[PDB]
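First comes one chain, alone, set out as structure tokens in the form deposited in one PDB entry.
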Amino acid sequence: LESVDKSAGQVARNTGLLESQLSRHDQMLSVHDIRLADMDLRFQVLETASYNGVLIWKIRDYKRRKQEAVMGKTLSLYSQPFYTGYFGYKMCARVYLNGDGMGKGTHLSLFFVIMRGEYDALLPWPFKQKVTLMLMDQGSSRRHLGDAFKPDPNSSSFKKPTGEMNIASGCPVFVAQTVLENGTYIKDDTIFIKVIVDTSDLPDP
């Protein structure tokens, strides 16, 4: 099949087109597989987003999530974004299941992060709404763990968001693990952190 190999039998090239087309759809299905994946989160963050300044966050797998904090597989966790109004300050909270800073290894870390809103430019600065971060008690009628605080105008943690998330400024030694793990708070391998940024004293239309 000398002067007839590529002649009679050049199907070996036709097979080259099938494969290429196959390689094309392989990438698309994949890109599409990833695209689809970001939709859930996008729905997920939206289904759980609040626009009244208040926020209730949920953390499942505290154990499988706590064990990763200790083994440094994921030092912190962020909450779904939330707002003070439909077009107001954008925010969220940051946590460390196995503490950090002065409360590291012996506490729960909970910070308040002033994210970069899409509507920044029409709002007042520096941010100045009082805050209240708490640990929710899921007991018969016990009490939750809270601690409010007012931003430091001086702090560059409360200014018009240049980069993505502002600088996390909460509490290093919020609550001792030996207290949260030894109590209701943890129920069914999960807990809930609350956040109450005042918006009332800022007439909401």
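Residues that one form lacks are left out of the comparison. Start at 1 and count along the sequence shown; that's the residue number. We call the rigid core whatever largest set of C-alpha positions still superposes within 1.5 Å between the two forms.
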Out of 68-76 and 85-93, which one has CA B-factors that are higher on average in the deposited record? 68-76
Which is higher in the entry, the mean Cα B factor of 26-34 or that of 145-153? 145-153
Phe158: CA B-factor among chain residues, third -> highest
State the tercile, meaning the lowest, middle or highest third, of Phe112 with respect to the CA B-factors recorded for its chain. lowest
Quick check on the deposited entry: does the C-alpha B-factor of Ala12 sit in the lowest, middle or highest third of its chain? highest
Could you place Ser169 in the lowest, middle or highest third of its chain by Cα temperature factor, using the values in the record? middle
Test of reading the entry: by CA B factor among the chain's modelled residues, which third contains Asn182? highest
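Although it is not shown, the form solved in complex with a partner chain is what the next lines describe.
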May I ask you to state whether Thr162 is within 4.5 Å of its partner chain in the deposited complex, using heavy atom distances? no
Could you confirm whether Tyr89 comes within 4.5 Å of its partner chain in the deposited complex, counting heavy atoms only? no
Test of understanding: in the deposited complex, would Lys66 fall inside 4.5 Å of its partner chain by heavy atoms? no
With the cut-off set at 4.5 Å between non-hydrogen atoms, does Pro172 touch its partner chain in the deposited complex? yes
For a shift of 2 angstroms or more at every C-alpha, which runs of three or more consecutive residues qualify between the shown form and the other one, with the core superposed? 200-205
